[PDB]
Peer 1: 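My structure is below; once you've seen it, I'll send some questions.
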Amino acid sequence: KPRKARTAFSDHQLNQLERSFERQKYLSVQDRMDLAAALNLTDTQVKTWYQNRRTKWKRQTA
DNA sequence: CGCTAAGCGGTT
DNA sequence: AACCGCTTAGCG
């Protein structure tokens, strides 16, 4: 039953996440931890964004 | 509605 | 542990 609050990413955060995705389709644990730290996000928020972004990427190229 | 963050069951 | 492939649900 108990759900996490949906994260609202700042324009800055979305911009940097998208920049990271265009450089690298996947992150090492350490690059993920560095990006989360740089954008004041949690490791898991950045991991979930990567994964949602990969799904999107497969739809829009397929 | 459309986009997408988070949840679920199963893959590797 | 992280990913996949899909689903659920929040909000503009």
Side-chain angles (χ1 to χ4, degrees):
Chain A
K1 224 38 52 51
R3 173 181 205 96
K4 289 203 176 289
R6 191 198 178 97
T7 302
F9 290 120
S10 72
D11 290 338
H12 184 246
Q13 289 167 332
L14 263 352
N15 185 261
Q16 291 297 104
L17 287 166
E18 185 53 27
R19 276 179 147 283
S20 174
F21 184 78
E22 306 262 73
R23 269 196 312 279
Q24 306 180 117
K25 175 164 157 189
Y26 294 85
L27 287 186
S28 67
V29 177
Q30 191 180 50
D31 283 355
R32 193 172 71 209
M33 280 175 340
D34 292 344
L35 189 54
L39 307 188
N40 256 84
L41 286 170
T42 72
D43 185 17
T44 140
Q45 282 164 350
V46 179
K47 175 182 331 189
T48 303
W49 191 90
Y50 253 90
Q51 193 66 242
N52 283 320
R53 185 69 179 81
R54 267 188 299 270
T55 303
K56 184 177 171 210
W57 197 79
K58 189 161 45 95
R59 202 157 295 100
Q60 67 194 353
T61 65

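Naming: A, B, ... by sequence-line order, numbering from 1 per chain. Just the heavy atoms: all of them, side chains too, but no hydrogens, waters or symmetry mates, feed the values below.
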Peer 1: Given atom CZ of A/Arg53 and atom P of C/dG5, what is their separation to the nearest angstrom?
Peer 2: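 Answer to the nearest Å: 16 Å.
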
Peer 1: Is the distance from OP1 or OP2 of B/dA5 to the nearest side-chain N or O of A/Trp49 less than 4.0 Å?
Peer 2: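 Yes, because at least one side-chain N or O of A/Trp49 sits under 4.0 Å from OP1 or OP2 of B/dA5.
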
Peer 1: Determine whether A/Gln51 and A/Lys47 make a side-chain contact, defined as any pair of heavy atoms from C-beta on separated by less than 4.5 Å.
Peer 2: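 In short, these two side chains do not touch, never coming nearer than 4.5 Å.
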
Peer 1: Counting C-beta onward and ignoring hydrogens, is there a side-chain heavy-atom pair between A/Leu41 and A/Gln13 closer than 4.5 Å?
Peer 2: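 Yes, at least one pair of side-chain atoms sits under 4.5 Å.
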
Peer 1: Are any of A/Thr44's side-chain N or O atoms less than 4.0 Å away from OP1 or OP2 of B/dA6?
Peer 2: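 For B/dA6, OP1/OP2 do not have a side-chain N/O of A/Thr44 under 4.0 Å.
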
Peer 1: Taking any heavy-atom pair under 4.0 Å as a contact, classify A/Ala5: base, sugar-phosphate, or nothing.
Peer 2: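 Sugar-phosphate only.
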
Peer 1: Over how many whole Å does the gap from A/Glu18 atom CD to B/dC3 atom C1' extend?
Peer 2: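 Taking atom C1' of B/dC3 as the reference, CD of A/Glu18 is at 14 Å.
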
Peer 1: Using OP1 and OP2 only, check whether a side-chain N or O of A/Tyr50 sits under 4.0 Å from B/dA5.
Peer 2: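 Result: no.
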
Peer 1: Given atom CG of A/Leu14 and atom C1' of B/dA5, what is their separation to the nearest angstrom?
Peer 2: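 Rounded to whole Å, this separation is 11 Å.
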
Peer 1: Please give, in whole Å, the distance from C/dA2 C1' to A/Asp31 CG?
Peer 2: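 These atoms are roughly 15 Å apart.
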
Peer 1: Pick base, sugar-phosphate or nothing for A/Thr48, based on heavy-atom distances below 4.0 Å to the nucleic acid.
Peer 2: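 Answer is base: heavy atoms of A/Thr48 come under 4.0 Å of a base.
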
Peer 1: With a 4.0 Å cut-off on heavy atoms, is A/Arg59 in touch with a base, just the backbone sugar-phosphate, or nothing at all?
Peer 2: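 No contact at all - A/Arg59 keeps every heavy atom at 4.0 Å or more from the nucleic acid.
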
Peer 1: To the nearest Å, give me how far apart CZ (A/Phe9) and P (B/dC3) are.
Peer 2: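 Distance, rounded to whole Å: 18 Å.
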
Peer 1: In terms of relative ring orientation, are A/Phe21 and A/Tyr50 parallel, tilted or perpendicular, with 30° and 60° separating the classes?
Peer 2: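 Judged by the thresholds at 30° and 60°, the geometry between A/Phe21 and A/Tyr50 is tilted.
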
Peer 1: Please determine whether a side-chain nitrogen or oxygen atom of A/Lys56 lies at a distance below 4.0 Å from atom OP1 or OP2 of B/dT4.
Peer 2: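 Yes, within the criterion.
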
Peer 1: Could you give the CH2-to-P distance, from A/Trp57 to B/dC3, as a whole number of Å?
Peer 2: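 Roughly 19 Å, once rounded to whole Å.
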
Peer 1: Is there a side-chain contact between A/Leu39 and A/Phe9 (heavy atoms, below 4.5 Å)?
Peer 2: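 With C-beta onward as the side chain, the pair stays apart.
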
Peer 1: Would you mind reporting whether A/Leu14 and A/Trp49 have side-chain heavy atoms less than 4.5 Å apart?
Peer 2: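 Yes, at least one pair of side-chain atoms sits under 4.5 Å.
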
Peer 1: For A/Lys47 and B/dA5, give me the distance from atom NZ to atom P, rounded to whole Å.
Peer 2: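 Answer to the nearest Å: 16 Å.
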
Peer 1: Considering only side-chain heavy atoms of A/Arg6, which listed nucleotide, C/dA2, B/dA6, B/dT4, is closest?
Peer 2: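 Of the candidates, B/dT4 comes closest.
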
Peer 1: The side chain of A/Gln51 lies closest to which of these nucleotides: C/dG10, C/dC3, B/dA6?
Peer 2: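 Between C/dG10, C/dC3, B/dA6, the one nearest the side chain of A/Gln51 would be C/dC3.
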
Peer 1: Given B/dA5, C/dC3, B/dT4, which nucleotide is nearest the side-chain atoms of A/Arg3?
Peer 2: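 So the side chain of A/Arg3 is nearest to B/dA5.
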
Peer 1: Among C/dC4, B/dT4, B/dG7, which nucleotide sits nearest the side chain of A/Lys4?
Peer 2: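 When the side chain of A/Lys4 is considered, B/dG7 is the closest of C/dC4, B/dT4, B/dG7.
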
Peer 1: On DNA chain C, nearest-nucleotide positions of A/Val29 versus A/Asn52: which is more 5'?
Peer 2: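 Its nucleotide being nearer the 5' end, the pick is A/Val29.
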
Peer 1: Rounded off to whole Å, could you give me the NZ-to-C1' distance for the A/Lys58 and B/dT4 pair?
Peer 2: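 Spelled out: NZ on A/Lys58 to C1' on B/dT4 is 16 Å.
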
